[PDB]
Amino acid sequence: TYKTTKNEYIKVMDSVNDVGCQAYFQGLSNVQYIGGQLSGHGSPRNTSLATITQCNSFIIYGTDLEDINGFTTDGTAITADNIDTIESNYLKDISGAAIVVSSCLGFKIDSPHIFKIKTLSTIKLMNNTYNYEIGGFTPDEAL
Amino acid sequence: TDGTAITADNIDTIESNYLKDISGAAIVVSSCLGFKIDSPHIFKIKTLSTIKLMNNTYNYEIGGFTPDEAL
């Protein structure tokens, strides 16, 4: 609860089920993400590390990706014990991976190093993403 | 290269008479080793093709850009 200089109090949260991500991209074209990092150090509640929706040509060159704490859009924690249930009930949900890609033309990722991914998958593709190309990143890091 | 307009109407004629011309695409590649393009977004291409390759360009590699934008 934030206390102002006029001795007011403001609730930081909007709802008790709040989730976020590191970067959100919607309605863009010809986007290049060269190098850099996207990481969840400190265990925030994330649906993904990067969410990409309704873009033409999003390209990732060697970006460092690590340390996600997985949640669905609702706020449900994605753990090993319920992983199968998630795959049935949240297939159309925009969450569940380190990189979520929805309705994106010309998506491309090369081979960066990825580790400590505590969510269902490393890349999720949905909603008519139809000419993607996936390079060889570190395997077997997700759930 | 002459100065002839490339439209839909005459498109077939062009492909017959200007095969060896260095023109007719968004990107024209001639005698180039090691050419490479990844997948950018391309639109509004009022010419015969998106990429033309010619004159011994022999190890090119084409990623998936936006399909169906040329004539």
Side-chain angles (χ1 to χ4, degrees), chain A residues 23-38 48-65 94 97-114 122-138, chain B residues 1-16 18-71:
Chain A
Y24 185 84
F25 304 100
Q26 195 275 340
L28 296 170
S29 197
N30 286 308
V31 179
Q32 289 86 51
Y33 207 93
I34 297 180
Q37 181 177 356
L38 298 162
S48 76
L49 288 174
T51 296
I52 300 156
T53 50
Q54 293 183 293
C55 296
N56 311 287
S57 174
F58 200 101
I59 303 167
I60 287 158
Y61 301 90
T63 296
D64 186 300
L65 279 299
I94 298 182
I99 305 279
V100 178
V101 184
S102 163
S103 290
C104 185
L105 268 167
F107 171 78
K108 184 172 169 32
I109 185 172
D110 50 9
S111 68
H113 181 58
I114 289 174
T122 306
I123 295 168
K124 183 176 188 188
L125 305 149
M126 58 210 287
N127 288 316
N128 196 32
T129 298
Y130 62 88
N131 60 344
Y132 50 91
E133 187 180 57
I134 294 178
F137 54 77
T138 306
Chain B
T1 288
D2 286 349
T4 304
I6 297 172
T7 65
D9 298 326
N10 71 332
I11 201 57
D12 280 316
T13 290
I14 297 297
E15 196 194 323
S16 300
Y18 300 93
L19 185 69
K20 305 301 191 170
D21 205 337
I22 305 181
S23 74
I27 303 277
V28 179
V29 187
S30 165
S31 288
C32 178
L33 264 59
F35 175 78
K36 198 194 184 322
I37 187 166
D38 51 8
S39 61
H41 182 52
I42 297 176
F43 57 106
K44 216 168 160 184
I45 303 297
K46 205 198 89 62
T47 187
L48 200 164
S49 168
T50 307
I51 285 169
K52 195 178 183 186
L53 305 150
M54 57 196 294
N55 299 320
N56 201 26
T57 299
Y58 59 87
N59 58 333
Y60 56 87
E61 173 154 344
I62 293 176
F65 52 77
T66 307
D68 305 331
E69 293 296 329
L71 295 176

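Each chain gets a letter, A, B and so on, in the order its sequence line appears, and its residues count up from 1. All values below come from the heavy atoms of this structure, side chains included, with hydrogens, waters and symmetry mates left out.
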Can you name the ring-ring contact (aromatic ring centres under 6.0 Å, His included) partners of A/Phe107, sequence neighbours left out?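 None.
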If you count every heavy atom of other residues, nucleotides or ligands that lies below 6.0 Å from B/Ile27 atom CD1, does the total exceed 12?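 Count not over threshold, so no.
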Just wondering, more than 12 heavy atoms not from B/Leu71 lying within 6.0 Å of its CG?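 Count over threshold, so yes.
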Donor-acceptor pairs between chain B and chain A under 3.5 Å, which ones?
from, atom 1, to, atom 2, distance (Å)
B/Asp38, OD2, A/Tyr61, OH, 2.5
B/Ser39, O, A/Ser57, OG, 3.0
B/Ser39, OG, A/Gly106, O, 3.3
B/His41, N, A/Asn30, OD1, 3.0
B/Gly64, O, A/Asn131, ND2, 3.4

